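Computation of the quantities below employed the complete heavy-atom set of this structure, encompassing side-chain atoms and omitting hydrogens, waters and symmetry-equivalent molecules. In listed order, ligands and their atoms are each counted from 1. Here, residue 1 is the first one in the sequence, and each next residue gets the next number.
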Amino acid sequence: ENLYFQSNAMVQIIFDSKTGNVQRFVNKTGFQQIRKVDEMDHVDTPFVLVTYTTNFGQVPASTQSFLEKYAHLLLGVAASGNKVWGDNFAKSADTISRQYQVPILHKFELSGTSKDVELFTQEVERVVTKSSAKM
Ligand SMILES: Cc1cc2nc3c(=O)[nH]c(=O)nc-3n(C[C@H](O)[C@H](O)[C@H](O)COP(=O)(O)O)c2cc1C
């Protein structure tokens, strides 16, 4: 666990959630700047996106709207899904990754496990270290 980095770094986490699983997931981290895609009218600092998956492995509409406006500051993406969907499992992360040329930080089920939290937070630190100065 890199809780010290999570709680001290200035990295921003922006998420999208409909039934609250993504919300619950990010609340398992120690990141301090956590806001939903719908509660800001501008983004001026680099950020990490955590979203969910809708019909047929699609990116939620609210996330697509957000990205076409602030994808220039996107560092990487993580997506919540459900393996019941097979090949469409958390496909929004793959779509966003290819579309905006950013790395996939993690793909997990529903609210995630402690293992998902660990992998996600470690990847955020790696990408911030590698792309912060650049971004
Ligand atoms: C209409 C609908 C379509 C969904 N489609 C997919 C899908 O294609 N792939 C997947 O992995 N999960 C799919 N899911 C599952 C959600 O991505 C999953 O439950 C997610 O954790 C929900 O996050 P929410 O609380 O953040 O918004 C779907 C759920 C609903 C209600």
Side-chain angles (χ1 to χ4, degrees):
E1 144 271 280
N2 57 171
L3 193 45
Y4 179 86
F5 161 82
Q6 299 176 219
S7 60
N8 284 291
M10 242 79 276
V11 72
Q12 182 156 63
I13 307 296
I14 299 175
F15 74 91
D16 202 350
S17 182
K18 182 166 181 167
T19 64
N21 292 335
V22 169
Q23 167 106 76
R24 276 185 281 290
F25 178 74
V26 302
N27 285 341
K28 288 170 186 184
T29 73
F31 290 112
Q32 301 296 118
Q33 7 282 318
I34 304 179
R35 292 181 312 192
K36 199 167 185 177
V37 305
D38 65 306
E39 50 193 56
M40 77 270 298
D41 54 311
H42 65 92
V43 177
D44 27 61
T45 174
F47 69 89
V48 163
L49 173 73
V50 185
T51 183
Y52 60 104
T53 316
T54 191
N55 305 296
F56 325 123
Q58 285 164 33
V59 175
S62 50
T63 286
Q64 301 185 64
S65 292
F66 185 82
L67 289 182
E68 47 193 55
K69 286 183 293 188
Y70 314 118
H72 55 291
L73 287 153
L74 180 65
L75 286 167
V77 62
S80 173
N82 187 331
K83 290 178 186 296
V84 156
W85 268 263
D87 297 322
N88 279 317
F89 168 62
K91 191 181 285 183
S92 47
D94 298 280
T95 297
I96 294 179
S97 178
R98 180 185 60 270
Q99 177 84 324
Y100 295 103
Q101 295 302 87
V102 296
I104 289 174
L105 302 175
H106 192 52
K107 307 208 303 181
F108 56 97
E109 286 192 282
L110 311 177
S111 298
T113 60
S114 53
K115 173 64 182 310
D116 290 316
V117 178
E118 287 307 75
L119 294 169
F120 171 67
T121 60
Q122 289 297 322
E123 277 308 305
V124 169
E125 178 159 27
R126 296 195 210 297
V127 180
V128 162
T129 303
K130 187 171 97 67
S131 314
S132 181
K134 160 180 57 187
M135 186 76 28

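Within 4.0 Å of ligand 1, contacts by protein heavy atoms are made from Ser17, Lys18, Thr19, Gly20, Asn21, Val22, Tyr52, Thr53, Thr54, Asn55, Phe56, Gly57, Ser80, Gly81, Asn82, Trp85, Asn88, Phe89, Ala90, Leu110.
For the salt bridge (charged side-chain N to carboxylate O under 4.0 Å, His left out) condition, the pairs that include at least one residue of residues 90-107, sequence neighbours left out, are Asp94-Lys107. Applying the salt bridge (charged side-chain N to carboxylate O under 4.0 Å, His left out) definition to pairs two or more places apart or across chains, those involving residues 108-132 are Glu123-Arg126.
With no hydrogens or angles considered, a side-chain donor-acceptor pair links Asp16 and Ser62 at under 3.5 Å.
Residues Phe5, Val11, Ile13, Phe15, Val22, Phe25, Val26, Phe31, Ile34, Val48, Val50, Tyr52, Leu75, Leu105, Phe108, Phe120, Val124, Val127, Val128, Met135 make up the rest of the hydrophobic cluster containing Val117, defined by ILVMFWY side-chain heavy atoms closer than 4.5 Å, directly or through other members.
Distance OG1/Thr54 to CH2/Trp85: 9.0 Å, rounded to 0.5 Å. To the nearest 0.5 Å, atoms NZ (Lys28) and OG1 (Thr113) are separated by 7.5 Å.
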